[PDB]
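Some notes on the structure that comes next.
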Amino acid sequence: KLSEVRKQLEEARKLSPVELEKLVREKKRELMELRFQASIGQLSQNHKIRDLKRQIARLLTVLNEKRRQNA
Amino acid sequence: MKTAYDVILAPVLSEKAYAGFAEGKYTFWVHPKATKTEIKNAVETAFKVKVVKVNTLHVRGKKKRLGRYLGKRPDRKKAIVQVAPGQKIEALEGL
Amino acid sequence: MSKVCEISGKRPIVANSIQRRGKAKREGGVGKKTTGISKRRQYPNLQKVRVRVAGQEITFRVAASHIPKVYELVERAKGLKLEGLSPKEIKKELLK
RNA sequence: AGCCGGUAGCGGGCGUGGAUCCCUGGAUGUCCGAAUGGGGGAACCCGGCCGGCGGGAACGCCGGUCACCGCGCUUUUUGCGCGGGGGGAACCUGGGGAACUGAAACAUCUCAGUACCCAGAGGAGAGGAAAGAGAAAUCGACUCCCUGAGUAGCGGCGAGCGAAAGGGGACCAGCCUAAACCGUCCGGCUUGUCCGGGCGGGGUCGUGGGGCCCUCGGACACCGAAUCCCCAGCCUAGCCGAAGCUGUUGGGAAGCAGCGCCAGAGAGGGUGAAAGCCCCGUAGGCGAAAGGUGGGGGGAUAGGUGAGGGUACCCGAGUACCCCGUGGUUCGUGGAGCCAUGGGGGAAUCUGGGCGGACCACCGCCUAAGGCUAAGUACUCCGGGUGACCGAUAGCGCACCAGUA
RNA sequence: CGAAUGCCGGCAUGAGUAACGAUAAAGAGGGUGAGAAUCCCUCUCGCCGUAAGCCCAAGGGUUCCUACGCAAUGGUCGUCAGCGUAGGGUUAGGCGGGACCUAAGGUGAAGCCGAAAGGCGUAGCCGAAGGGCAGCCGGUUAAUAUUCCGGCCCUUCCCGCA
RNA sequence: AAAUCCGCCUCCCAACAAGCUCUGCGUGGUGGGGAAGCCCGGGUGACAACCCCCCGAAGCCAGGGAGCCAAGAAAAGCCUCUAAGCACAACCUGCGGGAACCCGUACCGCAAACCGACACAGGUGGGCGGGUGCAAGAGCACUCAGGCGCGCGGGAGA
Ligand SMILES: [K+]
Ligand SMILES: [K+]
Ligand SMILES: [K+]
Ligand SMILES: [K+]
Ligand SMILES: [K+]
Ligand SMILES: [K+]
Ligand SMILES: [K+]
Ligand SMILES: [K+]
Ligand SMILES: [K+]
Ligand SMILES: [K+]
Ligand SMILES: [K+]
Ligand SMILES: [K+]
Ligand SMILES: [K+]
Ligand SMILES: [K+]
Ligand SMILES: [K+]
Ligand SMILES: [K+]
Ligand SMILES: [K+]
Ligand SMILES: [K+]
Ligand SMILES: [K+]
Ligand SMILES: [K+]
Ligand SMILES: [K+]
Ligand SMILES: [K+]
Ligand SMILES: [K+]
Ligand SMILES: [K+]
Ligand SMILES: [K+]
Ligand SMILES: [K+]
Ligand SMILES: [K+]
Ligand SMILES: [K+]
Ligand SMILES: [Mg+2]
Ligand SMILES: [Mg+2]
Ligand SMILES: [Mg+2]
Ligand SMILES: [Mg+2]
Ligand SMILES: [Mg+2]
Ligand SMILES: [Mg+2]
Ligand SMILES: [Mg+2]
Ligand SMILES: [Mg+2]
Ligand SMILES: [Mg+2]
Ligand SMILES: [Mg+2]
Ligand SMILES: [Mg+2]
Ligand SMILES: [Mg+2]
Ligand SMILES: [Mg+2]
Ligand SMILES: [Mg+2]
Ligand SMILES: [Mg+2]
Ligand SMILES: [Mg+2]
Ligand SMILES: [Mg+2]
Ligand SMILES: [Mg+2]
Ligand SMILES: [Mg+2]
Ligand SMILES: [Mg+2]
Ligand SMILES: [Mg+2]
Ligand SMILES: [Mg+2]
Ligand SMILES: [Mg+2]
Ligand SMILES: [Mg+2]
Ligand SMILES: [Mg+2]
Ligand SMILES: [Mg+2]
Ligand SMILES: [Mg+2]
Ligand SMILES: [Mg+2]
Ligand SMILES: [Mg+2]
Ligand SMILES: [Mg+2]
Ligand SMILES: [Mg+2]
Ligand SMILES: [Mg+2]
Ligand SMILES: [Mg+2]
Ligand SMILES: [Mg+2]
Ligand SMILES: [Mg+2]
Ligand SMILES: [Mg+2]
Ligand SMILES: [Mg+2]
Ligand SMILES: [Mg+2]
Ligand SMILES: [Mg+2]
Ligand SMILES: [Mg+2]
Ligand SMILES: [Mg+2]
Ligand SMILES: [Mg+2]
Ligand SMILES: [Mg+2]
Ligand SMILES: [Mg+2]
Ligand SMILES: [Mg+2]
Ligand SMILES: [Mg+2]
Ligand SMILES: [Mg+2]
Ligand SMILES: [Mg+2]
Ligand SMILES: [Mg+2]
Ligand SMILES: [Mg+2]
Ligand SMILES: [Mg+2]
Ligand SMILES: [Mg+2]
Ligand SMILES: [Mg+2]
Ligand SMILES: [Mg+2]
Ligand SMILES: [Mg+2]
Ligand SMILES: [Mg+2]
Ligand SMILES: [Mg+2]
Ligand SMILES: [Mg+2]
Ligand SMILES: [Mg+2]
Ligand SMILES: [Mg+2]
Ligand SMILES: [Mg+2]
Ligand SMILES: [Mg+2]
Ligand SMILES: [Mg+2]
Ligand SMILES: [Mg+2]
Ligand SMILES: [Mg+2]
Ligand SMILES: [Mg+2]
Ligand SMILES: [Mg+2]
Ligand SMILES: [Mg+2]
Ligand SMILES: [Mg+2]
Ligand SMILES: [Mg+2]
Ligand SMILES: [Mg+2]
Ligand SMILES: [Mg+2]
Ligand SMILES: [Mg+2]
Ligand SMILES: [Mg+2]
Ligand SMILES: [Mg+2]
Ligand SMILES: [Mg+2]
Ligand SMILES: [Mg+2]
Ligand SMILES: [Mg+2]
Ligand SMILES: [Mg+2]
Ligand SMILES: [Mg+2]
Ligand SMILES: [Mg+2]
Ligand SMILES: [Mg+2]
Ligand SMILES: [Mg+2]
Ligand SMILES: [Mg+2]
Ligand SMILES: [Mg+2]
Ligand SMILES: [Mg+2]
Ligand SMILES: [Mg+2]
Ligand SMILES: [Mg+2]
Ligand SMILES: [Mg+2]
Ligand SMILES: [Mg+2]
Ligand SMILES: [Mg+2]
Ligand SMILES: [Mg+2]
Ligand SMILES: [Mg+2]
Ligand SMILES: [Mg+2]
Ligand SMILES: [Mg+2]
Ligand SMILES: [Mg+2]
Ligand SMILES: [Mg+2]
Ligand SMILES: [Mg+2]
Ligand SMILES: [Mg+2]
Ligand SMILES: [Mg+2]
Ligand SMILES: [Mg+2]
Ligand SMILES: [Mg+2]
Ligand SMILES: [Mg+2]
Ligand SMILES: [Mg+2]
Ligand SMILES: [Mg+2]
Ligand SMILES: [Mg+2]
Ligand SMILES: [Mg+2]
Ligand SMILES: [Mg+2]
Ligand SMILES: [Mg+2]
Ligand SMILES: [Mg+2]
Ligand SMILES: [Mg+2]
Ligand SMILES: [Mg+2]
Ligand SMILES: [Mg+2]
Ligand SMILES: [Mg+2]
Ligand SMILES: [Mg+2]
């Protein structure tokens, strides 16, 4: 995972805020249904709830990076 | 980011909730500070389905003394929502 | 403010009331004694000075000792504008 | 080279393409709290405005913005701008200010300017370049220590209270201004060589100094910050770091034995028991991109310096001064001055003024009524070191999820 | 350290003693269970009934319902529980309060006063068991219902038309 | 300030009223409910019937009325009146469609769940509180509904 989150990180950099805004609006849904599979009873060998929130977090800061100096 | 997938948290899983699926009455755990009007739209975009009447209520967690350390379970709010007759929140229809 | 002079800053001080029984030793007077010593406030002699400056009337609470300082401040005249709170200007910014 | 906290387990994952972890910075930071849009029974409730989102006008959500005060700007604030709110263990200054107690009763007195209340400041605060001391033609800003000294004195001369000069030390630097005359901008006007407020120049001293004239030739050579700038150094993570094996007893060796070795390291802790050489250390050396510091080294910047003559222009006001009421000082009214100050009266600008303990002369010392100034000093919420400091009734109330039950 | 009606702690004595908290009262059969006077069921007996019943408010804050439990809590016992563990359970435009109103009182621009802290204060604002305001009858659940459902019936806003 | 409103004077009609409005009750389309006893909280009783009298409130019509003296809240909602402003707005009425948020809602609640350290004979505000008899009544006695026999017992009979 380390190797590709390295990619996935610099990947999402320089990628317009509106699609950063759009991508996360999907990932939060990906988490939403993820909570259900886990809640309904062990339809989740989970370990993903974490690194998906960590994905969602990771994005929102790069959304924020662009929105610091000059958009 | 404030998204509909943040208001609705988990399905309410109990026999009482199941006898609600008879009519269009599906019930979920929501975020405690979420208002009826922002739950309507929360469902409407999270399940592509029309919302007719939202009913909410708060639930205080229970004081549980796990081995002489006594604390409280987090407070939940939940809501039962009327889907326009005919429509079905399909993914919640399992069991 | 509170029983203070707007112009001199003089404010009530604390003094002692000293009661004395006896003849002054400087009079064949075996001695002066003291029967009581208690606390008292001395209050500055405050008075109202009500002056019509350019627009409206201006009311001061000055120590009677510094009363003419008002009328010497009344001398400085320019800026014939806003409300009865001109003293803001007549005050320390005159003297500063 | 392991990691996914105390914490195992279930159920899953990450790591030599350097994880976990530690240091620096940055981002996110619901609600409450000075709490600051408005309310409010802290952590809840209700809005205005601009933009957004949903079918979105009503409803709702989201981002942003809107308290009050002071001050400078300006068109009377219709606006903008910077600043202030509150917290902090103790230390600090100011404003207030007890009593028990002692006096073997008690009232002056004491306890004491203490405890405490309030306001302000900061990493220190206060104070600080003499209207000073006080007898030596004498010291030279202030703070602190030591001494002077339990002296001088104060005192129901009771109990008690208690200086200073000087001397030895720590540290050590002094600087802006108001006023005269010059320029000026706007002002007001009974237009003028006038007054005046805002600014610039000038100028800051007690052997007196300055201003304006007069003569001189004065000089940038020298001086140089407490302001800014760079740097070494330090703090916020770390790193390297000598020298032993074997045999015995023994659950276990570090014990005992045989032969060795290091030592700028024989401080300590740990290892199944007693180890310089097994591990962690120690002596000795190393180490910063980034944040804070930088009182030391370097550099710039402000800023600063003439002589003599004449003129008498200026040298901090309801102040000095005097009287009534008091505080401070060792001073309790005492021969009671000095420094403060509530009340009354009320000056002068060198031939002017305050002081040398009433008052007078003489002889002297100082320049009041405007302001800032590092360092030497105080404390310890915090980090580290050290102990003829405690060892679970002790040591902080708390060695343990305690300001808890 | 033996003494301070010392201090903290532990254990004795009284003593198998007094008490077991209203004199409204019990009896039996049956069942569950390791174990039953005490738990469940039936029948007979007694007691409250302007109540010892029923409904709101305050206060209490999960004690409510169900399963599994008996160390301890219950003045005995306990298989029971208001107790231990766990799961579930509170649904509102019309009921209550808030996006309404004012009362005493509180706070408070203007203003006044006070060594400081602060004290007052017309307006305004806060403030309710008073004013205002639109829901009645049934059914349903182990546990919620003027709340979900059934039927009939109304209130506000916004936008349209007449 | 301005009002067509309110107040004050004047004629007019009206009138111990009607009418216009507003409540309450009765009826109302229709919708509910529906015992005893009987068979294991639940079926059936049932297609239950659902009617006539009488007693009758302190409660409703309610701002009713008469007396009395001690002389008996306020503000908004509501109607009206107009000022700025605007009259292609705005408001009223009627029909339509859409919108209607936050918080409480469990259970105890004269008590073993509140205050009393206790499962404490104490204390705690408002409404309902049926039947018979007794002069009346919320009194007293018994009893509906519903709730209980007070969380130590067994004997003995100084
Ligand atoms: K006067
Ligand atoms: K590296
Ligand atoms: K807002
Ligand atoms: K003080
Ligand atoms: K005394
Ligand atoms: K005595
Ligand atoms: K005495
Ligand atoms: K003293
Ligand atoms: K100057
Ligand atoms: K001039
Ligand atoms: K050493
Ligand atoms: K050792
Ligand atoms: K002169
Ligand atoms: K004196
Ligand atoms: K003086
Ligand atoms: K002197
Ligand atoms: K002197
Ligand atoms: K200072
Ligand atoms: K102990
Ligand atoms: K202790
Ligand atoms: K005994
Ligand atoms: K009865
Ligand atoms: K038991
Ligand atoms: K008042
Ligand atoms: K109310
Ligand atoms: K009717
Ligand atoms: K309820
Ligand atoms: K009840
Ligand atoms: Mg990561
Ligand atoms: Mg966020
Ligand atoms: Mg609700
Ligand atoms: Mg006197
Ligand atoms: Mg006295
Ligand atoms: Mg005294
Ligand atoms: Mg005078
Ligand atoms: Mg006078
Ligand atoms: Mg595992
Ligand atoms: Mg950080
Ligand atoms: Mg949130
Ligand atoms: Mg507030
Ligand atoms: Mg607020
Ligand atoms: Mg309100
Ligand atoms: Mg908007
Ligand atoms: Mg739109
Ligand atoms: Mg907002
Ligand atoms: Mg906002
Ligand atoms: Mg802001
Ligand atoms: Mg402060
Ligand atoms: Mg304060
Ligand atoms: Mg501060
Ligand atoms: Mg003081
Ligand atoms: Mg003060
Ligand atoms: Mg005595
Ligand atoms: Mg200092
Ligand atoms: Mg001497
Ligand atoms: Mg001394
Ligand atoms: Mg010197
Ligand atoms: Mg000048
Ligand atoms: Mg100059
Ligand atoms: Mg001269
Ligand atoms: Mg090493
Ligand atoms: Mg080594
Ligand atoms: Mg052996
Ligand atoms: Mg060995
Ligand atoms: Mg030996
Ligand atoms: Mg050792
Ligand atoms: Mg040894
Ligand atoms: Mg070293
Ligand atoms: Mg650096
Ligand atoms: Mg330097
Ligand atoms: Mg230097
Ligand atoms: Mg002078
Ligand atoms: Mg004195
Ligand atoms: Mg004196
Ligand atoms: Mg004098
Ligand atoms: Mg003298
Ligand atoms: Mg003398
Ligand atoms: Mg001076
Ligand atoms: Mg100072
Ligand atoms: Mg010891
Ligand atoms: Mg020891
Ligand atoms: Mg202890
Ligand atoms: Mg011990
Ligand atoms: Mg803690
Ligand atoms: Mg003893
Ligand atoms: Mg003993
Ligand atoms: Mg005894
Ligand atoms: Mg005795
Ligand atoms: Mg006995
Ligand atoms: Mg006996
Ligand atoms: Mg007995
Ligand atoms: Mg059996
Ligand atoms: Mg029995
Ligand atoms: Mg009876
Ligand atoms: Mg009962
Ligand atoms: Mg009830
Ligand atoms: Mg309640
Ligand atoms: Mg309780
Ligand atoms: Mg419990
Ligand atoms: Mg059971
Ligand atoms: Mg027991
Ligand atoms: Mg129960
Ligand atoms: Mg239980
Ligand atoms: Mg409704
Ligand atoms: Mg309705
Ligand atoms: Mg609203
Ligand atoms: Mg209100
Ligand atoms: Mg109001
Ligand atoms: Mg007040
Ligand atoms: Mg009401
Ligand atoms: Mg209502
Ligand atoms: Mg109705
Ligand atoms: Mg009902
Ligand atoms: Mg119930
Ligand atoms: Mg309904
Ligand atoms: Mg008029
Ligand atoms: Mg009717
Ligand atoms: Mg039938
Ligand atoms: Mg009749
Ligand atoms: Mg009748
Ligand atoms: Mg009545
Ligand atoms: Mg009544
Ligand atoms: Mg009436
Ligand atoms: Mg009447
Ligand atoms: Mg009002
Ligand atoms: Mg409508
Ligand atoms: Mg209920
Ligand atoms: Mg009772
Ligand atoms: Mg009652
Ligand atoms: Mg009960
Ligand atoms: Mg008691
Ligand atoms: Mg109790
Ligand atoms: Mg209790
Ligand atoms: Mg009992
Ligand atoms: Mg009781
Ligand atoms: Mg009572
Ligand atoms: Mg009755
Ligand atoms: Mg009778
Ligand atoms: Mg009755
Ligand atoms: Mg009766
Ligand atoms: Mg009775
Ligand atoms: Mg019965
Ligand atoms: Mg009993």
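Going by the structure tokens order, chains are called A, B, ..., each with residues numbered from 1, while ligands are numbered from 1 in the order shown.
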Give the helix (DSSP H, G or I) residues of chain C, as DSSP finds them on the backbone, and put them as a list in words.
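Selection result, helix (DSSP H, G or I) within chain C: residues 25, 26, 27, 64, 65, 66, 67, 68, 69, 70, 71, 72, 73, 87, 88, 89 and 90 of chain C.
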Who sits within 8 Å of residue 94 of chain C, only C-alpha atoms (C1' of nucleotides), same chain under 4 positions skipped, as a list in words:
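Once the adjacent positions are removed, what remains is residues 73, 89 and 90 of chain C.
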Taking only C-alpha atoms (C1' of nucleotides) and all ligand atoms into account, report as a PDB file with C-alpha atoms (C1' of nucleotides), in the first residue's frame which residues have an atom no farther than 12 Å from an atom of ligand 85.
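Now in selection.pdb:
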ATOM      1  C1'   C E   1       6.206   4.790  73.811  1.00  0.00           C
ATOM      2  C1'   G E   2       1.274   1.555  77.555  1.00  0.00           C
ATOM      3  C1'   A E   3      -1.250   5.691  78.762  1.00  0.00           C
ATOM      4  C1'   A E   4      -2.449  12.169  75.865  1.00  0.00           C
ATOM      5  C1'   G E   6      -4.219  10.522  71.569  1.00  0.00           C
ATOM      6  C1'   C E   7      -4.174   9.333  65.649  1.00  0.00           C
TER       7        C E   7
END
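Excluding residue 132 of chain E itself and same-chain residues fewer than 5 positions from it, the residues having an atom within 9 Å of it are residues 100 and 101 of chain E; 76 and 77 of chain F, counting only C-alpha atoms (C1' of nucleotides).
Taking atom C1' of residue 146 of chain D and atom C1' of residue 172 of chain D as the two end points, the separation is 19.1 Å.
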Return as a PDB file with C-alpha atoms (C1' of nucleotides), in the first residue's frame the residues of protein, DNA or RNA that approach ligand 13 to within 9 Å, with only C-alpha atoms (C1' of nucleotides) and all ligand atoms taken into account.
ATOM      1  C1'   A D 312      19.051  89.891  28.574  1.00  0.00           C
ATOM      2  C1'   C D 313      15.188  86.509  24.519  1.00  0.00           C
ATOM      3  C1'   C D 314      14.188  81.438  26.952  1.00  0.00           C
ATOM      4  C1'   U D 349      13.601  82.995  34.766  1.00  0.00           C
ATOM      5  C1'   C D 350      20.708  84.057  36.799  1.00  0.00           C
TER       6        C D 350
END
Take atom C1' of residue 366 of chain D and atom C1' of residue 340 of chain D and report the distance between them in Å, one decimal.
19.6 Å
Output as a PDB file with N, CA and C atoms, in the first residue's frame all residues of chain C that backbone DSSP marks as strand (DSSP E or B).
ATOM      1  N   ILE C  13      -8.067  61.601  48.657  1.00  0.00           N
ATOM      2  CA  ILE C  13      -6.969  60.967  49.357  1.00  0.00           C
ATOM      3  C   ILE C  13      -7.448  60.486  50.722  1.00  0.00           C
ATOM      4  N   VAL C  14      -6.646  59.642  51.367  1.00  0.00           N
ATOM      5  CA  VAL C  14      -6.974  59.085  52.676  1.00  0.00           C
ATOM      6  C   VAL C  14      -6.123  59.777  53.729  1.00  0.00           C
ATOM      7  N   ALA C  15      -6.774  60.305  54.757  1.00  0.00           N
ATOM      8  CA  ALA C  15      -6.084  60.969  55.847  1.00  0.00           C
ATOM      9  C   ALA C  15      -6.624  60.429  57.165  1.00  0.00           C
ATOM     10  N   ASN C  16      -6.013  60.865  58.263  1.00  0.00           N
ATOM     11  CA  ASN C  16      -6.348  60.384  59.594  1.00  0.00           C
ATOM     12  C   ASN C  16      -6.935  61.515  60.427  1.00  0.00           C
ATOM     13  N   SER C  17      -8.064  61.245  61.080  1.00  0.00           N
ATOM     14  CA  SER C  17      -8.612  62.145  62.083  1.00  0.00           C
ATOM     15  C   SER C  17      -7.958  61.820  63.419  1.00  0.00           C
ATOM     16  N   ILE C  18      -7.196  62.770  63.953  1.00  0.00           N
ATOM     17  CA  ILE C  18      -6.418  62.571  65.169  1.00  0.00           C
ATOM     18  C   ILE C  18      -7.003  63.456  66.256  1.00  0.00           C
ATOM     19  N   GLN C  19      -7.593  62.834  67.268  1.00  0.00           N
ATOM     20  CA  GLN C  19      -8.104  63.559  68.419  1.00  0.00           C
ATOM     21  C   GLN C  19      -6.997  63.659  69.453  1.00  0.00           C
ATOM     22  N   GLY C  36      -7.779  59.161  69.898  1.00  0.00           N
ATOM     23  CA  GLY C  36      -8.210  58.363  68.764  1.00  0.00           C
ATOM     24  C   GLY C  36      -7.467  58.744  67.502  1.00  0.00           C
ATOM     25  N   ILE C  37      -7.340  57.766  66.608  1.00  0.00           N
ATOM     26  CA  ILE C  37      -6.843  57.960  65.246  1.00  0.00           C
ATOM     27  C   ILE C  37      -7.688  57.072  64.343  1.00  0.00           C
ATOM     28  N   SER C  38      -8.491  57.680  63.475  1.00  0.00           N
ATOM     29  CA  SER C  38      -9.323  56.916  62.560  1.00  0.00           C
ATOM     30  C   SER C  38      -9.126  57.419  61.137  1.00  0.00           C
ATOM     31  N   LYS C  39      -9.650  56.647  60.189  1.00  0.00           N
ATOM     32  CA  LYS C  39      -9.491  56.935  58.774  1.00  0.00           C
ATOM     33  C   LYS C  39     -10.602  57.850  58.284  1.00  0.00           C
ATOM     34  N   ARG C  40     -10.231  58.789  57.429  1.00  0.00           N
ATOM     35  CA  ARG C  40     -11.181  59.665  56.775  1.00  0.00           C
ATOM     36  C   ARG C  40     -10.681  59.931  55.366  1.00  0.00           C
ATOM     37  N   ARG C  41     -11.609  60.194  54.454  1.00  0.00           N
ATOM     38  CA  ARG C  41     -11.252  60.590  53.103  1.00  0.00           C
ATOM     39  C   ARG C  41     -11.291  62.108  53.017  1.00  0.00           C
ATOM     40  N   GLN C  42     -10.317  62.680  52.320  1.00  0.00           N
ATOM     41  CA  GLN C  42     -10.353  64.086  51.950  1.00  0.00           C
ATOM     42  C   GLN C  42     -10.802  64.192  50.502  1.00  0.00           C
ATOM     43  N   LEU C  46     -14.797  69.695  44.224  1.00  0.00           N
ATOM     44  CA  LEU C  46     -15.255  69.570  42.850  1.00  0.00           C
ATOM     45  C   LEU C  46     -16.432  70.495  42.586  1.00  0.00           C
ATOM     46  N   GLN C  47     -16.488  71.030  41.363  1.00  0.00           N
ATOM     47  CA  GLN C  47     -17.534  71.967  40.970  1.00  0.00           C
ATOM     48  C   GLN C  47     -17.846  71.812  39.488  1.00  0.00           C
ATOM     49  N   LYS C  48     -19.071  72.187  39.122  1.00  0.00           N
ATOM     50  CA  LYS C  48     -19.522  72.155  37.736  1.00  0.00           C
ATOM     51  C   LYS C  48     -19.151  73.460  37.037  1.00  0.00           C
ATOM     52  N   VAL C  49     -18.439  73.355  35.917  1.00  0.00           N
ATOM     53  CA  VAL C  49     -18.171  74.488  35.037  1.00  0.00           C
ATOM     54  C   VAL C  49     -18.872  74.206  33.716  1.00  0.00           C
ATOM     55  N   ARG C  50     -19.898  74.993  33.419  1.00  0.00           N
ATOM     56  CA  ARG C  50     -20.773  74.774  32.275  1.00  0.00           C
ATOM     57  C   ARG C  50     -20.501  75.883  31.270  1.00  0.00           C
ATOM     58  N   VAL C  51     -19.864  75.537  30.155  1.00  0.00           N
ATOM     59  CA  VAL C  51     -19.456  76.514  29.152  1.00  0.00           C
ATOM     60  C   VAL C  51     -20.113  76.178  27.827  1.00  0.00           C
ATOM     61  N   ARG C  52     -20.664  77.205  27.182  1.00  0.00           N
ATOM     62  CA  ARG C  52     -21.113  77.114  25.793  1.00  0.00           C
ATOM     63  C   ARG C  52     -19.907  77.244  24.877  1.00  0.00           C
ATOM     64  N   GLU C  57     -23.409  73.304  24.774  1.00  0.00           N
ATOM     65  CA  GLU C  57     -22.841  73.533  26.092  1.00  0.00           C
ATOM     66  C   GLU C  57     -21.979  72.349  26.506  1.00  0.00           C
ATOM     67  N   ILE C  58     -20.932  72.645  27.273  1.00  0.00           N
ATOM     68  CA  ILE C  58     -19.941  71.660  27.685  1.00  0.00           C
ATOM     69  C   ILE C  58     -19.787  71.755  29.196  1.00  0.00           C
ATOM     70  N   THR C  59     -19.991  70.638  29.890  1.00  0.00           N
ATOM     71  CA  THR C  59     -20.039  70.622  31.346  1.00  0.00           C
ATOM     72  C   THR C  59     -18.832  69.882  31.907  1.00  0.00           C
ATOM     73  N   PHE C  60     -18.106  70.533  32.810  1.00  0.00           N
ATOM     74  CA  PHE C  60     -16.930  69.957  33.445  1.00  0.00           C
ATOM     75  C   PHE C  60     -17.192  69.673  34.918  1.00  0.00           C
ATOM     76  N   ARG C  61     -16.407  68.751  35.472  1.00  0.00           N
ATOM     77  CA  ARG C  61     -16.340  68.489  36.910  1.00  0.00           C
ATOM     78  C   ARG C  61     -14.897  68.731  37.315  1.00  0.00           C
ATOM     79  N   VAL C  62     -14.567  69.988  37.589  1.00  0.00           N
ATOM     80  CA  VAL C  62     -13.190  70.385  37.847  1.00  0.00           C
ATOM     81  C   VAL C  62     -13.021  70.723  39.316  1.00  0.00           C
ATOM     82  N   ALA C  63     -11.824  70.449  39.822  1.00  0.00           N
ATOM     83  CA  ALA C  63     -11.432  70.974  41.116  1.00  0.00           C
ATOM     84  C   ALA C  63     -11.487  72.492  41.074  1.00  0.00           C
TER      85      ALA C  63
END
Find the residues of chain A in contact range of chain D, meaning any atom within 8 Å when counting only C-alpha atoms (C1' of nucleotides), and list them as a PyMOL selection string.
chain A and resi 1-3+45-47+61+64
Would you work out the distance separating atom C1' of residue 40 of chain D from atom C1' of residue 103 of chain E, expressed in Å to one decimal?
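Going from atom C1' of residue 40 of chain D over to atom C1' of residue 103 of chain E covers 19.9 Å.
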Contacts between ligand 9 and chain D, please, where a residue of chain D counts if it comes within 12 Å (with only C-alpha atoms (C1' of nucleotides) and all ligand atoms); show its shortest atom pair and distance in Å to one decimal, rows by chain and ascending number, as JSON lines.
{"residue": "D:176", "atom": "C1'", "partner": "ligand 9", "partner_atom_place_in_ligand_line": "1 (K)", "distance": 9.4}
{"residue": "D:177", "atom": "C1'", "partner": "ligand 9", "partner_atom_place_in_ligand_line": "1 (K)", "distance": 7.0}
{"residue": "D:178", "atom": "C1'", "partner": "ligand 9", "partner_atom_place_in_ligand_line": "1 (K)", "distance": 9.2}
{"residue": "D:179", "atom": "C1'", "partner": "ligand 9", "partner_atom_place_in_ligand_line": "1 (K)", "distance": 11.5}
{"residue": "D:199", "atom": "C1'", "partner": "ligand 9", "partner_atom_place_in_ligand_line": "1 (K)", "distance": 9.9}
{"residue": "D:200", "atom": "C1'", "partner": "ligand 9", "partner_atom_place_in_ligand_line": "1 (K)", "distance": 8.1}
{"residue": "D:201", "atom": "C1'", "partner": "ligand 9", "partner_atom_place_in_ligand_line": "1 (K)", "distance": 7.7}
{"residue": "D:202", "atom": "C1'", "partner": "ligand 9", "partner_atom_place_in_ligand_line": "1 (K)", "distance": 7.7}
{"residue": "D:203", "atom": "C1'", "partner": "ligand 9", "partner_atom_place_in_ligand_line": "1 (K)", "distance": 8.5}
{"residue": "D:204", "atom": "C1'", "partner": "ligand 9", "partner_atom_place_in_ligand_line": "1 (K)", "distance": 10.9}
Counting only C-alpha atoms (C1' of nucleotides) and all ligand atoms, which residues of chain D sit at most 9 Å from some atom of ligand 61, and what is each one's closest atom pair with its distance in Å to one decimal, listed by chain and rising residue number, as JSON lines?
{"residue": "D:240", "atom": "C1'", "partner": "ligand 61", "partner_atom_place_in_ligand_line": "1 (Mg)", "distance": 7.3}
{"residue": "D:241", "atom": "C1'", "partner": "ligand 61", "partner_atom_place_in_ligand_line": "1 (Mg)", "distance": 6.0}
{"residue": "D:280", "atom": "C1'", "partner": "ligand 61", "partner_atom_place_in_ligand_line": "1 (Mg)", "distance": 8.9}
{"residue": "D:281", "atom": "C1'", "partner": "ligand 61", "partner_atom_place_in_ligand_line": "1 (Mg)", "distance": 8.6}
Residues of chain E within 8 Å of chain C, counting only C-alpha atoms (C1' of nucleotides) - could you list those as a PyMOL selection string?
chain E and resi 113-115
Chain F residues near chain B (12 Å cut-off, only C-alpha atoms (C1' of nucleotides)) as number ranges by chain
F: 99-106
Residues within 10 Å of ligand 3 should be enumerated using only C-alpha atoms (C1' of nucleotides) and all ligand atoms and returned as a PDB file with C-alpha atoms (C1' of nucleotides), in the first residue's frame.
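Contents of the output file part-v9.pdb:
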ATOM      1  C1'   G D  37     -24.343  38.837  15.301  1.00  0.00           C
ATOM      2  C1'   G D  47     -31.077  35.843  13.085  1.00  0.00           C
ATOM      3  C1'   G D  48     -29.456  40.026   9.158  1.00  0.00           C
ATOM      4  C1'   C D  49     -26.487  40.295   4.724  1.00  0.00           C
ATOM      5  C1'   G D  63     -18.861  28.985   3.286  1.00  0.00           C
ATOM      6  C1'   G D  64     -18.094  34.042   4.507  1.00  0.00           C
ATOM      7  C1'   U D  65     -19.430  38.508   7.401  1.00  0.00           C
ATOM      8  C1'   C D  66     -21.847  41.540  11.562  1.00  0.00           C
TER       9        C D  66
END
Quick one: residues within 12 Å of residue 62 of chain E, only C-alpha atoms (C1' of nucleotides) counted, chain neighbours fewer than 2 positions away excluded, as a list in words?
residues 59, 60, 61, 62, 63, 64 and 72 of chain B; 60, 64, 65, 82, 89 and 90 of chain E; 106, 107, 108 and 113 of chain F
